[PDB]
Amino acid sequence: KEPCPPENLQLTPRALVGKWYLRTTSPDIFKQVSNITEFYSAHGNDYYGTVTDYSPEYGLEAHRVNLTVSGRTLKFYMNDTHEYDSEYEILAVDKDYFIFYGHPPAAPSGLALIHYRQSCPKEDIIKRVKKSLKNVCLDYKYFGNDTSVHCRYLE
Ligand SMILES: *[C@@H]1O[C@H](CO)[C@@H](O[C@@H]2O[C@H](CO)[C@@H](O)[C@H](O)[C@H]2NC(C)=O)[C@H](O)[C@H]1NC(C)=O
Ligand SMILES: CCCCCC/C=C\CCCCCCCC(=O)O
Ligand SMILES: *[C@@H]1O[C@H](CO)[C@@H](O)[C@H](O)[C@H]1NC(C)=O
Ligand SMILES: *[C@@H]1O[C@H](CO)[C@@H](O)[C@H](O)[C@H]1NC(C)=O
Ligand SMILES: *[C@@H]1O[C@H](CO)[C@@H](O)[C@H](O)[C@H]1NC(C)=O
Ligand SMILES: [Zn+2]
Ligand SMILES: [Zn+2]
């Protein structure tokens, strides 16, 4: 139900700006949704953005979302639907990924999300991710990967 979050917890300005791929989660969600692209524009503590997800019945849907960042945490709001709308805590910060944790409606007991800068991250990045997870009391063991976007390092 909880990780053991870091010492500092520092989340800097524009740090989330631009393009991400949500390829790994614990609760594996990649039956409910697939091929998640995020794009965020920074407006101080506010981000506004697009999430292009694929649905196993509906299409290539798109969603408008905004972050509101408060130090270690942010609030995530999606316009069209609200099952991932919750507070999320930053667990790890890296040039090639961020890890967040929350208790949204879709997983009240806890949801870990890895956002990658690359769609198919190289084995170096995965080894750092593995470290970040142990370092906050989760492990790649209980995470699923988005297999609809084949990646030899995420299998
Ligand atoms: C995953 O989503 C991406 C981008 O969100 C898809 O790429 C799009 O592919 C269509 C082809 O019909 C183009 O018209 C778009 O302009 C493309 N966008 C980009 C950024 O390339 C991609 O095809 C999707 N893949 C899966 C497996 O769902
Ligand atoms: C670098 C990460 C940016 C910050 C995003 C905040 C953390 C969690 C976002 C929740 C996304 C949940 C799923 C996305 C789309 C969907 O499943 O419908
Ligand atoms: C995002 O926008 C919503 C709707 O305008 C508003 O409730 C709030 O300021 C923002 N919330 C989050 C979670 O970013
Ligand atoms: C959805 O977005 C529109 C912006 O056109 C806004 O007026 C509406 O109240 C939003 N609400 C929800 C629940 O998504
Ligand atoms: C996800 O990726 C890692 C390799 O990066 C692997 O050890 C783990 O088993 C994968 N899980 C699934 C369910 O694909
Ligand atoms: Zn919690
Ligand atoms: Zn493969």
# chains A, B, ... in the order shown; residues from 1 in each chain; ligands from 1
$ residues_near_ligand --ligand "ligand 5" --cutoff "8 Å" --atoms "only C-alpha atoms and all ligand atoms" --output "MDAnalysis selection string"
chainID A and resid 24 28 123 126 140:147 153:155
$ residues_around --residues "range 3-12 of chain A" --least-positions-apart "4" --cutoff "12 Å" --atoms "only C-alpha atoms" --output "PDB file with N, CA, C and O atoms, in the first residue's frame"
ATOM      1  N   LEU A  16       8.998  18.253 -15.855  1.00  0.00           N
ATOM      2  CA  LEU A  16       8.054  17.300 -16.468  1.00  0.00           C
ATOM      3  C   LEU A  16       7.738  17.727 -17.894  1.00  0.00           C
ATOM      4  O   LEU A  16       6.883  17.067 -18.533  1.00  0.00           O
ATOM      5  N   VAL A  17       8.343  18.809 -18.374  1.00  0.00           N
ATOM      6  CA  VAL A  17       7.911  19.403 -19.672  1.00  0.00           C
ATOM      7  C   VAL A  17       8.195  18.374 -20.765  1.00  0.00           C
ATOM      8  O   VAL A  17       9.254  17.682 -20.678  1.00  0.00           O
ATOM      9  N   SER A  26       2.811  -0.961 -11.742  1.00  0.00           N
ATOM     10  CA  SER A  26       2.563  -2.049 -10.770  1.00  0.00           C
ATOM     11  C   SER A  26       1.221  -1.747 -10.165  1.00  0.00           C
ATOM     12  O   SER A  26       1.133  -0.735  -9.477  1.00  0.00           O
ATOM     13  N   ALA A  42       4.788  23.230 -19.316  1.00  0.00           N
ATOM     14  CA  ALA A  42       4.969  23.863 -17.986  1.00  0.00           C
ATOM     15  C   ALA A  42       4.437  25.319 -17.942  1.00  0.00           C
ATOM     16  O   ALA A  42       4.819  26.136 -18.796  1.00  0.00           O
ATOM     17  N   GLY A  44       4.605  27.182 -14.622  1.00  0.00           N
ATOM     18  CA  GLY A  44       5.056  27.286 -13.208  1.00  0.00           C
ATOM     19  C   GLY A  44       4.835  25.984 -12.428  1.00  0.00           C
ATOM     20  O   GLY A  44       5.530  24.987 -12.670  1.00  0.00           O
ATOM     21  N   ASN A  45       3.855  25.978 -11.538  1.00  0.00           N
ATOM     22  CA  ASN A  45       3.420  24.793 -10.751  1.00  0.00           C
ATOM     23  C   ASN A  45       2.293  24.080 -11.494  1.00  0.00           C
ATOM     24  O   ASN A  45       1.900  22.991 -11.092  1.00  0.00           O
ATOM     25  N   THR A  68      -1.111  19.892 -11.011  1.00  0.00           N
ATOM     26  CA  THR A  68      -0.731  20.965 -10.117  1.00  0.00           C
ATOM     27  C   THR A  68       0.300  20.407  -9.168  1.00  0.00           C
ATOM     28  O   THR A  68      -0.061  19.609  -8.355  1.00  0.00           O
ATOM     29  N   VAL A  69       1.500  20.937  -9.224  1.00  0.00           N
ATOM     30  CA  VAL A  69       2.662  20.482  -8.431  1.00  0.00           C
ATOM     31  C   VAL A  69       2.764  21.240  -7.103  1.00  0.00           C
ATOM     32  O   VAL A  69       2.808  22.479  -7.156  1.00  0.00           O
ATOM     33  N   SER A  70       2.877  20.518  -5.980  1.00  0.00           N
ATOM     34  CA  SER A  70       3.183  21.079  -4.642  1.00  0.00           C
ATOM     35  C   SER A  70       4.323  20.294  -3.998  1.00  0.00           C
ATOM     36  O   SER A  70       4.060  19.345  -3.225  1.00  0.00           O
ATOM     37  N   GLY A  71       5.550  20.725  -4.286  1.00  0.00           N
ATOM     38  CA  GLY A  71       6.783  20.172  -3.710  1.00  0.00           C
ATOM     39  C   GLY A  71       7.026  18.739  -4.151  1.00  0.00           C
ATOM     40  O   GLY A  71       7.589  18.514  -5.250  1.00  0.00           O
ATOM     41  N   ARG A  72       6.679  17.801  -3.279  1.00  0.00           N
ATOM     42  CA  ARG A  72       6.981  16.362  -3.456  1.00  0.00           C
ATOM     43  C   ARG A  72       5.837  15.746  -4.264  1.00  0.00           C
ATOM     44  O   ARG A  72       6.005  14.650  -4.748  1.00  0.00           O
ATOM     45  N   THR A  73       4.692  16.425  -4.341  1.00  0.00           N
ATOM     46  CA  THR A  73       3.434  15.822  -4.822  1.00  0.00           C
ATOM     47  C   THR A  73       2.905  16.661  -5.962  1.00  0.00           C
ATOM     48  O   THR A  73       3.383  17.792  -6.176  1.00  0.00           O
ATOM     49  N   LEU A  74       1.995  16.053  -6.701  1.00  0.00           N
ATOM     50  CA  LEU A  74       1.154  16.752  -7.668  1.00  0.00           C
ATOM     51  C   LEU A  74      -0.188  16.036  -7.704  1.00  0.00           C
ATOM     52  O   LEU A  74      -0.326  14.922  -7.157  1.00  0.00           O
ATOM     53  N   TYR A  88      -0.322  12.215  -6.632  1.00  0.00           N
ATOM     54  CA  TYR A  88       0.861  11.366  -6.878  1.00  0.00           C
ATOM     55  C   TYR A  88       2.101  12.022  -6.273  1.00  0.00           C
ATOM     56  O   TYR A  88       2.381  13.211  -6.487  1.00  0.00           O
ATOM     57  N   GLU A  89       2.905  11.184  -5.651  1.00  0.00           N
ATOM     58  CA  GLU A  89       4.187  11.554  -5.030  1.00  0.00           C
ATOM     59  C   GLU A  89       5.311  11.164  -5.980  1.00  0.00           C
ATOM     60  O   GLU A  89       5.272  10.041  -6.492  1.00  0.00           O
ATOM     61  N   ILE A  90       6.278  12.041  -6.194  1.00  0.00           N
ATOM     62  CA  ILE A  90       7.486  11.685  -6.961  1.00  0.00           C
ATOM     63  C   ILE A  90       8.349  10.745  -6.117  1.00  0.00           C
ATOM     64  O   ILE A  90       8.586  11.006  -4.939  1.00  0.00           O
ATOM     65  N   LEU A  91       8.802   9.657  -6.706  1.00  0.00           N
ATOM     66  CA  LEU A  91       9.643   8.669  -6.016  1.00  0.00           C
ATOM     67  C   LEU A  91      11.053   8.748  -6.566  1.00  0.00           C
ATOM     68  O   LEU A  91      11.943   8.353  -5.831  1.00  0.00           O
ATOM     69  N   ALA A  92      11.222   9.166  -7.816  1.00  0.00           N
ATOM     70  CA  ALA A  92      12.531   9.123  -8.492  1.00  0.00           C
ATOM     71  C   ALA A  92      12.499  10.064  -9.679  1.00  0.00           C
ATOM     72  O   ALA A  92      11.464  10.191 -10.323  1.00  0.00           O
ATOM     73  N   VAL A  93      13.632  10.697  -9.909  1.00  0.00           N
ATOM     74  CA  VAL A  93      13.859  11.800 -10.876  1.00  0.00           C
ATOM     75  C   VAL A  93      15.178  11.442 -11.548  1.00  0.00           C
ATOM     76  O   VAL A  93      16.133  11.013 -10.832  1.00  0.00           O
ATOM     77  N   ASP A  94      15.183  11.524 -12.869  1.00  0.00           N
ATOM     78  CA  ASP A  94      16.284  11.027 -13.716  1.00  0.00           C
ATOM     79  C   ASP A  94      16.085  11.680 -15.078  1.00  0.00           C
ATOM     80  O   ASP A  94      14.964  12.133 -15.363  1.00  0.00           O
ATOM     81  N   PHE A  98      10.895   9.376 -14.846  1.00  0.00           N
ATOM     82  CA  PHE A  98      10.348   9.719 -13.517  1.00  0.00           C
ATOM     83  C   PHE A  98       9.482   8.564 -13.047  1.00  0.00           C
ATOM     84  O   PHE A  98       8.737   7.995 -13.875  1.00  0.00           O
ATOM     85  N   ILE A  99       9.474   8.325 -11.747  1.00  0.00           N
ATOM     86  CA  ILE A  99       8.594   7.323 -11.102  1.00  0.00           C
ATOM     87  C   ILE A  99       7.663   8.061 -10.153  1.00  0.00           C
ATOM     88  O   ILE A  99       8.182   8.813  -9.308  1.00  0.00           O
ATOM     89  N   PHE A 100       6.344   7.884 -10.298  1.00  0.00           N
ATOM     90  CA  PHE A 100       5.348   8.429  -9.354  1.00  0.00           C
ATOM     91  C   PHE A 100       4.581   7.305  -8.680  1.00  0.00           C
ATOM     92  O   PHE A 100       4.563   6.211  -9.220  1.00  0.00           O
ATOM     93  N   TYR A 101       3.904   7.603  -7.572  1.00  0.00           N
ATOM     94  CA  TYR A 101       3.061   6.653  -6.811  1.00  0.00           C
ATOM     95  C   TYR A 101       1.777   7.358  -6.360  1.00  0.00           C
ATOM     96  O   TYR A 101       1.819   8.422  -5.746  1.00  0.00           O
ATOM     97  N   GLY A 102       0.645   6.715  -6.550  1.00  0.00           N
ATOM     98  CA  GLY A 102      -0.632   7.280  -6.093  1.00  0.00           C
ATOM     99  C   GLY A 102      -1.624   6.201  -5.761  1.00  0.00           C
ATOM    100  O   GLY A 102      -1.322   4.999  -5.927  1.00  0.00           O
ATOM    101  N   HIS A 103      -2.761   6.661  -5.304  1.00  0.00           N
ATOM    102  CA  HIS A 103      -3.942   5.886  -4.891  1.00  0.00           C
ATOM    103  C   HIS A 103      -5.171   6.375  -5.631  1.00  0.00           C
ATOM    104  O   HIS A 103      -6.147   6.748  -5.015  1.00  0.00           O
ATOM    105  N   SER A 109      -5.335   0.974  -3.460  1.00  0.00           N
ATOM    106  CA  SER A 109      -4.272   0.424  -2.578  1.00  0.00           C
ATOM    107  C   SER A 109      -2.874   0.800  -3.109  1.00  0.00           C
ATOM    108  O   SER A 109      -1.866   0.516  -2.413  1.00  0.00           O
ATOM    109  N   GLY A 110      -2.775   1.381  -4.312  1.00  0.00           N
ATOM    110  CA  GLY A 110      -1.480   1.909  -4.769  1.00  0.00           C
ATOM    111  C   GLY A 110      -1.244   1.637  -6.230  1.00  0.00           C
ATOM    112  O   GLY A 110      -1.521   0.509  -6.697  1.00  0.00           O
ATOM    113  N   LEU A 111      -0.684   2.632  -6.908  1.00  0.00           N
ATOM    114  CA  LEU A 111      -0.276   2.521  -8.313  1.00  0.00           C
ATOM    115  C   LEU A 111       1.060   3.213  -8.489  1.00  0.00           C
ATOM    116  O   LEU A 111       1.099   4.430  -8.249  1.00  0.00           O
ATOM    117  N   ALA A 112       2.083   2.460  -8.922  1.00  0.00           N
ATOM    118  CA  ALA A 112       3.415   2.945  -9.315  1.00  0.00           C
ATOM    119  C   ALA A 112       3.442   3.081 -10.847  1.00  0.00           C
ATOM    120  O   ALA A 112       3.018   2.127 -11.520  1.00  0.00           O
ATOM    121  N   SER A 132      16.516   2.687  -8.618  1.00  0.00           N
ATOM    122  CA  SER A 132      15.528   3.644  -8.069  1.00  0.00           C
ATOM    123  C   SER A 132      14.415   2.866  -7.364  1.00  0.00           C
ATOM    124  O   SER A 132      14.013   3.287  -6.287  1.00  0.00           O
ATOM    125  N   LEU A 133      13.927   1.748  -7.917  1.00  0.00           N
ATOM    126  CA  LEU A 133      12.766   1.065  -7.287  1.00  0.00           C
ATOM    127  C   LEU A 133      13.184   0.449  -5.951  1.00  0.00           C
ATOM    128  O   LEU A 133      12.462   0.709  -4.960  1.00  0.00           O
ATOM    129  N   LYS A 134      14.280  -0.323  -5.892  1.00  0.00           N
ATOM    130  CA  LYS A 134      14.734  -0.935  -4.603  1.00  0.00           C
ATOM    131  C   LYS A 134      14.859   0.177  -3.569  1.00  0.00           C
ATOM    132  O   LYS A 134      14.293   0.015  -2.480  1.00  0.00           O
ATOM    133  N   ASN A 135      15.533   1.262  -3.967  1.00  0.00           N
ATOM    134  CA  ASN A 135      15.859   2.476  -3.171  1.00  0.00           C
ATOM    135  C   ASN A 135      14.595   3.126  -2.602  1.00  0.00           C
ATOM    136  O   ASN A 135      14.757   4.112  -1.869  1.00  0.00           O
ATOM    137  N   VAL A 136      13.393   2.683  -2.994  1.00  0.00           N
ATOM    138  CA  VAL A 136      12.108   3.211  -2.447  1.00  0.00           C
ATOM    139  C   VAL A 136      11.129   2.064  -2.171  1.00  0.00           C
ATOM    140  O   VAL A 136       9.924   2.341  -2.002  1.00  0.00           O
ATOM    141  N   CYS A 137      11.631   0.834  -2.055  1.00  0.00           N
ATOM    142  CA  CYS A 137      10.916  -0.326  -1.465  1.00  0.00           C
ATOM    143  C   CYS A 137       9.888  -0.900  -2.436  1.00  0.00           C
ATOM    144  O   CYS A 137       8.879  -1.422  -1.966  1.00  0.00           O
ATOM    145  N   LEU A 138      10.116  -0.813  -3.736  1.00  0.00           N
ATOM    146  CA  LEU A 138       9.328  -1.593  -4.708  1.00  0.00           C
ATOM    147  C   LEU A 138      10.376  -2.331  -5.496  1.00  0.00           C
ATOM    148  O   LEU A 138      11.550  -2.017  -5.261  1.00  0.00           O
ATOM    149  N   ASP A 139       9.976  -3.218  -6.399  1.00  0.00           N
ATOM    150  CA  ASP A 139      10.943  -3.940  -7.266  1.00  0.00           C
ATOM    151  C   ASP A 139      10.263  -4.311  -8.580  1.00  0.00           C
ATOM    152  O   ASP A 139       9.121  -4.796  -8.516  1.00  0.00           O
TER     153      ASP A 139
END
$ residues_near_ligand --ligand "ligand 4" --cutoff "9 Å" --atoms "only C-alpha atoms and all ligand atoms" --output "list in words"
residues 64, 65, 77, 78, 79, 80, 81 and 82 of chain A
$ write_last_selection --atoms "N, CA, C and O atoms" --output "short mmCIF file (atom, residue, chain, number, x, y, z; two decimals), in the first residue's frame"
data_model
loop_
_atom_site.label_atom_id
_atom_site.label_comp_id
_atom_site.auth_asym_id
_atom_site.auth_seq_id
_atom_site.Cartn_x
_atom_site.Cartn_y
_atom_site.Cartn_z
N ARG A 64 -7.03 15.67 -22.39
CA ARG A 64 -6.49 16.90 -21.79
C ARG A 64 -6.43 16.64 -20.28
O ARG A 64 -7.41 16.12 -19.67
N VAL A 65 -5.32 17.05 -19.69
CA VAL A 65 -4.97 16.76 -18.28
C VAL A 65 -4.23 17.98 -17.81
O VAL A 65 -3.59 18.63 -18.67
N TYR A 77 -5.38 15.58 -13.05
CA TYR A 77 -6.80 15.66 -13.44
C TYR A 77 -6.91 15.44 -14.93
O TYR A 77 -6.20 16.06 -15.70
N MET A 78 -7.74 14.51 -15.30
CA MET A 78 -8.07 14.24 -16.71
C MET A 78 -9.49 14.77 -16.95
O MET A 78 -10.33 14.65 -16.02
N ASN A 79 -9.74 15.34 -18.13
CA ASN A 79 -11.04 15.98 -18.45
C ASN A 79 -12.09 14.88 -18.66
O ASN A 79 -13.06 14.80 -17.89
N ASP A 80 -11.85 13.98 -19.60
CA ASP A 80 -12.87 13.06 -20.16
C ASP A 80 -13.21 11.95 -19.15
O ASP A 80 -14.33 11.41 -19.26
N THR A 81 -12.30 11.58 -18.23
CA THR A 81 -12.53 10.45 -17.27
C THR A 81 -11.59 10.58 -16.05
O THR A 81 -10.54 11.20 -16.18
N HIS A 82 -11.93 9.97 -14.90
CA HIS A 82 -11.39 10.37 -13.58
C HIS A 82 -10.84 9.19 -12.78
O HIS A 82 -10.53 9.41 -11.62
#
$ residues_near_ligand --ligand "ligand 2" --cutoff "7 Å" --atoms "only C-alpha atoms and all ligand atoms" --output "short mmCIF file (atom, residue, chain, number, x, y, z; two decimals) with C-alpha atoms, in the first residue's frame"
data_model
loop_
_atom_site.label_atom_id
_atom_site.label_comp_id
_atom_site.auth_asym_id
_atom_site.auth_seq_id
_atom_site.Cartn_x
_atom_site.Cartn_y
_atom_site.Cartn_z
CA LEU A 16 8.05 17.30 -16.47
CA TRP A 20 6.91 10.75 -22.10
CA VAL A 33 -5.03 0.88 -21.79
CA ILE A 36 0.34 5.85 -23.55
CA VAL A 51 -2.17 11.87 -23.03
CA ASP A 53 -3.75 6.28 -25.08
CA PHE A 76 -3.41 14.92 -11.80
CA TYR A 84 -6.45 7.94 -12.54
CA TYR A 88 0.86 11.37 -6.88
CA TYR A 97 12.51 8.60 -16.42
CA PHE A 98 10.35 9.72 -13.52
CA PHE A 100 5.35 8.43 -9.35
CA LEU A 113 3.99 4.53 -12.81
CA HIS A 115 7.38 7.57 -17.31
#
$ residues_near_ligand --ligand "ligand 7" --cutoff "7 Å" --atoms "only C-alpha atoms and all ligand atoms" --output "ChimeraX atom specification"
/A:150-152,155
$ residues_near_ligand --ligand "ligand 1" --cutoff "10 Å" --atoms "only C-alpha atoms and all ligand atoms" --output "list in words"
residues 21, 34, 35, 36, 37, 38, 50, 51, 52, 53, 54, 55, 59, 60, 61, 62, 119, 146, 147, 148, 149 and 150 of chain A
$ residues_around --residues "residue 125 in chain A" --least-positions-apart "4" --cutoff "9 Å" --atoms "only C-alpha atoms" --output "list in words"
residues 96, 97, 121, 129 and 130 of chain A
$ write_last_selection --atoms "C-alpha atoms" --output "mmCIF file, in the first residue's frame"
data_model
loop_
_atom_site.group_PDB
_atom_site.id
_atom_site.type_symbol
_atom_site.label_atom_id
_atom_site.label_comp_id
_atom_site.auth_asym_id
_atom_site.auth_seq_id
_atom_site.Cartn_x
_atom_site.Cartn_y
_atom_site.Cartn_z
ATOM 1 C CA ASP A 96 15.441 9.399 -18.816
ATOM 2 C CA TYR A 97 12.511 8.599 -16.421
ATOM 3 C CA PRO A 121 14.692 2.449 -23.092
ATOM 4 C CA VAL A 129 15.162 2.171 -12.863
ATOM 5 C CA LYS A 130 15.734 -1.165 -10.976
#
$ closest_residue --among "A:83, A:107, A:47, A:1" --to "ligand 6" --atoms "only C-alpha atoms and all ligand atoms"
A:1
$ select_by_dssp --residues "range 28-128 of chain A" --states "alpha helix (DSSP H)" --output "ChimeraX atom specification"
/A:123-128
$ closest_residue --among "A:124, A:46, A:87, A:57" --to "ligand 6" --atoms "only C-alpha atoms and all ligand atoms"
A:87
